[PDB]
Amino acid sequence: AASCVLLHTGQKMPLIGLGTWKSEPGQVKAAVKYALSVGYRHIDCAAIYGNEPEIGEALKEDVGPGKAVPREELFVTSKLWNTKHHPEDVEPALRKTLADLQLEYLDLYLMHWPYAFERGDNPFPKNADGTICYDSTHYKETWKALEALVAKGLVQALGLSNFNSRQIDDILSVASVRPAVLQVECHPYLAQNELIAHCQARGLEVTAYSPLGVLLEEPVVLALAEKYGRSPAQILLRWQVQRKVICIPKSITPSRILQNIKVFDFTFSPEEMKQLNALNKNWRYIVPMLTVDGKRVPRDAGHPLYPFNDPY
């Protein structure tokens, strides 16, 4: 169904992929198989979603040897969690993911966040006040460890997730392996225009998460929906897709799963792209918060390697 982009690896990555972000372990498999049937060849995963094994079983039923879809035809992404930033922990964390997903290698491996959580197995090390027990590993450090992975042949490409421009450059100045993708929150309210351009200048492809960012209730998006016989969500995805931005919409409902991939047989005119382009408000929803005295406060703003303090 989807068309792809070409990564600096030489790898083709479809523009649409299934997000497993909040997929229940129980509902997930059914989702994987359906999407597989419908034309999907890209699945975005994460050890923190805590559903890899379920995903691994679904895959086990359709990919490979005498199966429906051949491994070589699927693009699988995963991510290193915060508590696994120690150079010594990188490899085993990946191997754990590979076991769970039951794969011999990953296509894209991202570093989930630039900053780390206290070294260990509990994914959310907290103090009794609900505050996070951080760690000081520098991402350049974890980065070098990730490189050993591509060399060993456990992953084909490395990526960054939630990294600012400065961050990207920092890693680049030390890298042997250039990061292929940059995964961030992107939608019409958070267009990420400076960052996409930066990524462009640097040789990174951009993958948008939370593409439907009420964004769905915008007259402009409702007009296009009516104009193209499409849903408000397909419009949002078309904008990104057309913009050459890879989207990973997460869903566990067949009807939406189908719709989500069907954004290639139509195109917006320039006045329309402008229309959508006019919605920007530097509006991020995906920010770790904390409730103190009945007020939501940014949760990791004090961390040295925190990404959202810089303008982009």
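In case it trips you up, residue 1 is the first one in the sequence shown, and so on.
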Deposited residues lacking coordinates between residue 213 and residue 214 (none, 1 to 3, 4 to 9, 10 or more): 10 or more
Quick note on 88 to 96 and 67 to 75: per-entry mean CA temperature factor is higher in 67 to 75
Looking at the entry, does 26 to 34 or 280 to 288 show the higher mean C-alpha B-factor? 26 to 34
49, 264, 268, 40, ranked by C-alpha B-factor: the highest one: 268
Checking the record values for 116, 221, 145, 196, which has the greatest CA B factor? 221
Thinking about Cα B factors across the chain, which third does residue 58 belong to? middle
Chain-relative CA temperature factor third for residue 4: highest
Modelled-residue ranking by C-alpha temperature factor, third containing residue 169: middle
Please say which third, lowest, middle or highest, residue 19 falls into when its CA temperature factor is compared across its chain. middle
Could you tell me which third, lowest, middle or highest, the C-alpha B-factor of residue 135 occupies within its chain? lowest
